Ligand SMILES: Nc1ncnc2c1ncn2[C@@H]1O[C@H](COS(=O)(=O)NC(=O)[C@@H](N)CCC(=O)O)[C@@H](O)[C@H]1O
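Listed next as structure tokens is one chain, alone, in the form solved without the named molecule.
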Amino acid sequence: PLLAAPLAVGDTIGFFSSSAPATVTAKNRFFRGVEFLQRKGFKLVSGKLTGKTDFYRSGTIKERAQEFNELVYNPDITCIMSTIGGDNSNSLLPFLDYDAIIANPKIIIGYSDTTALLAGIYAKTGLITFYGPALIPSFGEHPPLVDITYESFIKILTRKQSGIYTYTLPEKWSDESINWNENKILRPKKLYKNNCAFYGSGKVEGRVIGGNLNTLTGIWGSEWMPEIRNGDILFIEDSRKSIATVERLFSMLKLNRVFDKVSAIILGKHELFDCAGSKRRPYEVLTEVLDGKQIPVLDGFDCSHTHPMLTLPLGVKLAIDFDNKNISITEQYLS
């Protein structure tokens, strides 16, 4: 695979808004995130659509593609980071400068809607991109949870690439929709003990592919959707969906023979899942859809819309140990 140079303290991070204009609509959280990374010693380059709005998005399809491409063209930038998601990143894909991305590999990072870019770029270039922090939701989060997110971000992106990396497990997490865009918290978020579950036994090792599952529907079937292959580990998360929607997306995967190919599934914690009074969790729905197909599942990985959030390279091998209840990166993912 094509690998970017590793991150280091003092590097320059460029940010872009490929969908929702949250540098305007969540400006307090944006400023908090900017200050957080600056105090860690990073230099920031603001994408050209920062501070702009086109109603539901930051700019036209072409303006958004231009904003991203301009960061790729900047030799001083080591990391290109999403400000926030939305719905509309998939629009950009015909207009990204893939040749320039190949010529100038950088760490591309974000989550949620930005999945369209992470997966699309991998499909076109083979670049290992990252499911991880977006500036506003991730680094604008109030303490204490933001520090745990940051610890994973800096560890994954700066560590020496020798030997496997085994993920730490956040001690507590939350998914509450409070404390979004103000100077002070209303009150502390509920902190839950980590209830991640490892359904299966033994160890499964395979290339991880996926991201935000609802977002994948916007690139599905196209040359920008990476082919899923026998032995892959499927990584999927969603946010604030109804159980009806979750069944639909799981069945979509089933119809596409995904569950005939993959050797394990990682479900990211689902932020504020709406079970419609059924008390069912997404794993129970997945089990019905699987119709007896036995696939080991890591239910509740902290790489999703919940806080804190871990950083995950996409398109390289991971090993899930279902007996020892851990998950590791086993393949080099930065130069």
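Residue numbers run from 1 along the displayed sequence.
We do not show the form deposited with the named molecule bound, though everything after this point is about it.
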Checklist entry - Is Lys261 close to the named molecule in the bound PDB entry, meaning a heavy atom pair under 4.5 Å apart or at it? => result no
Item to check | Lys269, heavy atom within 4.5 angstroms of the named molecule in the bound PDB entry | outcome: no
Item to check | 4.5 Å heavy atom contact, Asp232 and the named molecule in the bound PDB entry | outcome: no
Checklist entry - Does at least one non-hydrogen atom of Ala116 fall within 4.5 angstroms of the named molecule in the bound PDB entry? => result no
Checklist entry - If contact means any heavy atom within 4.5 Å, which of 207 to 215, 118 to 126, 101 to 109, 190 to 198 contacts the named molecule in the bound PDB entry? => result 207 to 215
Checklist entry - So which of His142, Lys172, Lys203, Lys241 gets a non-hydrogen atom within 4.5 Å of the named molecule in the bound PDB entry? => result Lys241
Checklist entry - in the bound PDB entry, which of the listed residues (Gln161, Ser177, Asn183, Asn256) lies with a heavy atom within 4.5 Å of the named molecule? => result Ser177
Checklist entry - Hey, which residues along 134 to 162 are within 4.5 angstroms of the named molecule in the bound PDB entry, non-hydrogen atoms only? => result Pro137
